[PDB]
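What follows is one chain in structure tokens, specifically the form deposited in one PDB entry.
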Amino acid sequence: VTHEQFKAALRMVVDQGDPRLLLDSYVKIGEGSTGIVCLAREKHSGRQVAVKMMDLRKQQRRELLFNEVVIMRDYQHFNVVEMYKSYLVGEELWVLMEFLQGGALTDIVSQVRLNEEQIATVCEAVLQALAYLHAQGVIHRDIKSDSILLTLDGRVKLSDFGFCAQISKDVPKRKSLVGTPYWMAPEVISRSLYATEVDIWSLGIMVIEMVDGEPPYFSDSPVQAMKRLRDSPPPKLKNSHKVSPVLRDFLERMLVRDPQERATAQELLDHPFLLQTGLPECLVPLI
């Protein structure tokens, strides 16, 4: 398929027109796997927006750009990023989304140590989003702290839908090597048939990010870390001695090699660890 044919197929999914003259105050706030994210402002309303800008020509797998629009188009939820509009702008896909002033969990975790109340609050929000998406047959495949954004008041929102898979009656499982190395489930790494369970493993690795500050094997190269995850018992918290038994139990139900024995999102929502959640306000001091 030529670039022009791909762009034409993608055009069927975006809103028509050129958005440029409707926006001002373009400021870059983040780089990404598929493109840049800029803060901007609408003229007619004055509303701040995040504008993700992605070049159709420079993608690992350009078909995944459809996911940058379709998932948020199809799926709305309290803990899922809201999309306003999308456009084709020259040779770029632009996706306009709610501005989340708290930024990404990654930049909190590298800077300040979350307590267990905060970890529980983050996990509960992410699990609500995942329980919902999983029930619609969406496998996120890129759960990690970078995918998690915070509102000003400490509301947690799932983002970064580019790697999503939408399963179906005819294709109920995927087999493709998709994810970010250190967070990928062993069954994805082994190119086994897999489904929504892979997100629960990745969430477990994110819990390790929140406790230790880094995923397991982070000092290894991505391929070496993947071989270790493929071949080893589940990875352990460096700071296992610092965490409550209940958090330990919660994590051990996520980092289970056997994908069928691994807890579902819905099951984790009923876990005693999440009785430790705080009000969204408990994350505001991180922002």
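A residue's number is simply how far along the shown sequence it sits, counting from 1. Just so we're on the same page, rigid core means the largest C-alpha set that superposes within 1.5 Å between forms.
Here the subject shifts to the form deposited in another entry, a form of this protein not shown in this document.
- Shift analysis on the rigid core between the shown form and the other one singles out 92 from 153, 214, 92, 117 (C-alpha displacement of 2 Å or more).
- Comparing the forms between the shown form and the other one on their rigid core, the Cα displacement of residue 233 stays under 2 Å.
- After superposition on the rigid core, the Cα of residue 260 moves by less than 2 Å between the shown form and the other one.
- After superposing the rigid core, the C-alpha of residue 223 moves by less than 2 Å between the shown form and the other one.
- With a change of no less than 3 Å, the CA-CA distance between residue 76 and residue 47 is smaller in that other deposited form than in the form shown.
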